[PDB]
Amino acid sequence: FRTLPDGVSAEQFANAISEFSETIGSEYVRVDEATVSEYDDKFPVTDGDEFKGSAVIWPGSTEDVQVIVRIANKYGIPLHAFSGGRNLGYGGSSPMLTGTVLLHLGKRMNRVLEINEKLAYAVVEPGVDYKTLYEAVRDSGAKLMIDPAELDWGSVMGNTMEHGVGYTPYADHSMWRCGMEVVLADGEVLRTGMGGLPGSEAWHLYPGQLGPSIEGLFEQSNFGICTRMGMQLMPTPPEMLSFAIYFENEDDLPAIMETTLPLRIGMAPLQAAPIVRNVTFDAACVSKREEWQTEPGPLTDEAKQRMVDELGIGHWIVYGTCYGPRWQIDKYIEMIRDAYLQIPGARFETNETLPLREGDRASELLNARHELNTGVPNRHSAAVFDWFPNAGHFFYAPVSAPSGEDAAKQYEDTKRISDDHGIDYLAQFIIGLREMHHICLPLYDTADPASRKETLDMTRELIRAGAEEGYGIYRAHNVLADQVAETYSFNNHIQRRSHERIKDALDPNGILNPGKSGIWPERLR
């Protein structure tokens, strides 16, 4: 066996594998290095046997998941369940504990169970990805839009369980999640909300029930295994028009963010949260690093200016979209253009004035956002993996109060700490409605131990620096779990203590991905 979980002998593991095989089928229990290797983190920051699963199981049904969980309890074998296992930047499909048996639910449990046009929702199994839901809604003829993240291989269900986000009005995946089937750690099947009431047609309509709302308990946690999820879908509006706004100066960031906030907070004229990214982020989607700088140390200011000038973009680019009839779009576009063009040097384009054209890389950048913001998934951003050989990412994503001045300070400090470690800094700032996200997407060499260590060291420092300023991280790689968990220190970590009480109540044997979000079962504390 490539790895074994602490406390479990080769003989005990082999007996568990025999029971998984007998009950699930031997074709669906994999121990071969060729298969299990594929579920190691694509973007590691560690060099050894950390985060390596022992085996992978491909369950075919909720019933298969139930029997696997019962066998895992009997043998004390930890499980890591995921939908797509493409959680790049946060661990991929890798488990918290070496030797964990992986459950890749999406391999076989991959159906769109229902599309309802009248009530604008879909019902998905784990393996439905953005591409597949887009195609299923297209083939249904329903006038509904999906809300994809940046990569079309992301799981509708998996991304939601991470509190992940896209870029339409429906960007908050956790908000439009409604009704879950969940296998609990003892093997019992739970249906949340109105799914608890036999015959209810409101399982995917109304996120409620008599008593507490518990769907949020299953986000970034190790309390159950989701087998089914409703996802409410935005009705397609009559028209959608996207825009790009290019800023000449690195120092324009404060004015960009202070301009954004009052246009967004009322949900109009910014009907969806726009993104604000630095030139390096857009450059990495359409070019390789060597086009700008042959020297391997930190990007110079002149290399960043080359990017701006040759691509025809800005040091900062705002992307957004307006939705509705043309009369409403035209009003909103004028308010947006008028506000941002107060910033000296700013330039405003739409997908009409900058249409997609072969070899016009600025047009391909806007086209990519226009697609995502109109519910058309793509994998345009996957080009960042080609920025240099083996380029991967490892997110630092703090949330803070909207503030131009504080965005510029986060930017300047992250630039300094990233340059200190020789790691390239792709930046995106977002005002969702009232909160400001700073997305630090570092590109490092995932094949190079020295690059891994610089990136891990850089990021632990960013977490410390962010925490000192009141900037908290709300999504984190496996290796960061304990450090980020420890920053929520109010009242001797009462949040983590509350998480542990719930963990021990719902998973008494501590079988589910121990240490997810710093939540360790009693047997490991």
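Note that residue numbering begins at 1 and tracks the sequence as displayed.
**Request:** Compare the mean C-alpha B-factor of 293 to 301 with that of 114 to 122 as given in the PDB entry, and name the stretch with the higher value.
**Result:** According to the entry, 293 to 301 carries the higher average C-alpha B-factor.
**Asked** Going by the B-factors listed in the PDB entry, is the mean over the C-alpha atoms higher for 357 to 365 or for 432 to 440?
**Response** Averaging CA B-factors over each stretch, the winner is 357 to 365.
**Request:** Go through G199, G89, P95, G164 one by one and give the residue whose Cα B-factor in the PDB entry is largest.
**Result:** Of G199, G89, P95, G164, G199 has the highest C-alpha B-factor.
**Message:** For the CA B factor values reported in this entry, which option in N378, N73, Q232, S155 has the top one?
**Reply:** Highest C-alpha B-factor among the listed residues goes to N73.
**Prompt:** Within this chain, which third does the Cα B-factor at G7 fall in: lowest, middle or highest?
**Reply:** For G7, whose C-alpha B-factor we compare with every modelled residue in the chain, the answer is the highest third.
**Request:** State the tercile, meaning the lowest, middle or highest third, of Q342 with respect to the CA B-factors recorded for its chain.
**Result:** As the PDB entry reports it, the C-alpha B-factor of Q342 lands in the highest third of its chain.
**Asked** Which third of the chain does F43 land in by C-alpha B-factor: lowest, middle or highest?
**Response** Lowest third, going by the recorded CA B-factors of the chain.
**Asked** Can you tell me which third, lowest, middle or highest, the CA B-factor of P237 falls into for its chain?
**Response** Tercile = highest for this residue's CA B-factor.
**Request:** Would you please rank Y28 by its C-alpha temperature factor against the other modelled residues of its chain and give the third it falls in: lowest, middle or highest?
**Result:** For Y28, the deposited C-alpha B-factor lands in the middle third.
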